[PDB]
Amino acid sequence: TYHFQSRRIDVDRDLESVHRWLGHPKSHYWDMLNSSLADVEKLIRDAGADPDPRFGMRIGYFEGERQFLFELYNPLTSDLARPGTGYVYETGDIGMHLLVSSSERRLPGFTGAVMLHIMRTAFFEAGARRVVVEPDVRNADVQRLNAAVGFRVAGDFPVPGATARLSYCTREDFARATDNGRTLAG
């Protein structure tokens, strides 16, 4: 079964992989399908530029191989903080994005194990009191993955080009829904 570890991203040696993953059609909601290496370097460097070290991109591993990327980001420098979205910032909020690798050979329950690892990392390594996400309303896969670990939908908000669905996962809801990060809801 999957058991993951993660480390901080290292642009000098993860760039080729991340750029490749962002080019796979399954990654299309990242909106980087035609990006250059420079574009992806900027993406990674910007994600690492917050003053607080808890934020940044991480790479997940299993059996010595890269499996996914995740970003724990500062809500105050994201679309969430645009005036009028309805987001109510709380100290300890951390935003999250996930990018799976372009490999298509997976054992059962891959994304559930990925999401449990990310959420445990956010709450127990990065100190989050709540994880905040804002996927496109059309990204049904992510909505199901969110619900599986205890996210509750707060509402939808417009961005230029699309509509985002704002969801929250408090540390308490995660603990109850997943038995402390062990299993998926229900």
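Note that residue numbering begins at 1 and tracks the sequence as displayed.
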For the stretches 117-125 and 139-147, which has the higher mean C-alpha B-factor as given in the deposited record?
-> 139-147
Return whichever of 3-11 and 176-184 has the greater mean Cα B factor according to the PDB record.
-> 176-184
Between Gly60, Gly64, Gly56, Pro160, which one tops the list for C-alpha B-factor in the PDB entry?
-> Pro160
Go through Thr111, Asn74, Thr85, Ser103 one by one and give the residue whose Cα B-factor in the PDB entry is largest.
-> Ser103
Is the Cα B-factor recorded for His19 in the lowest, middle or highest third of its chain?
-> lowest
Chain-relative C-alpha B factor for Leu69 (record values, thirds): the lowest
By its CA B factor, does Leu33 count among the lowest, middle or highest third of the modelled residues in the chain?
-> highest
Among all modelled residues of this chain, ranked by Cα B factor, put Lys26 in the bottom, middle or top third, i.e. lowest, middle or highest.
-> highest
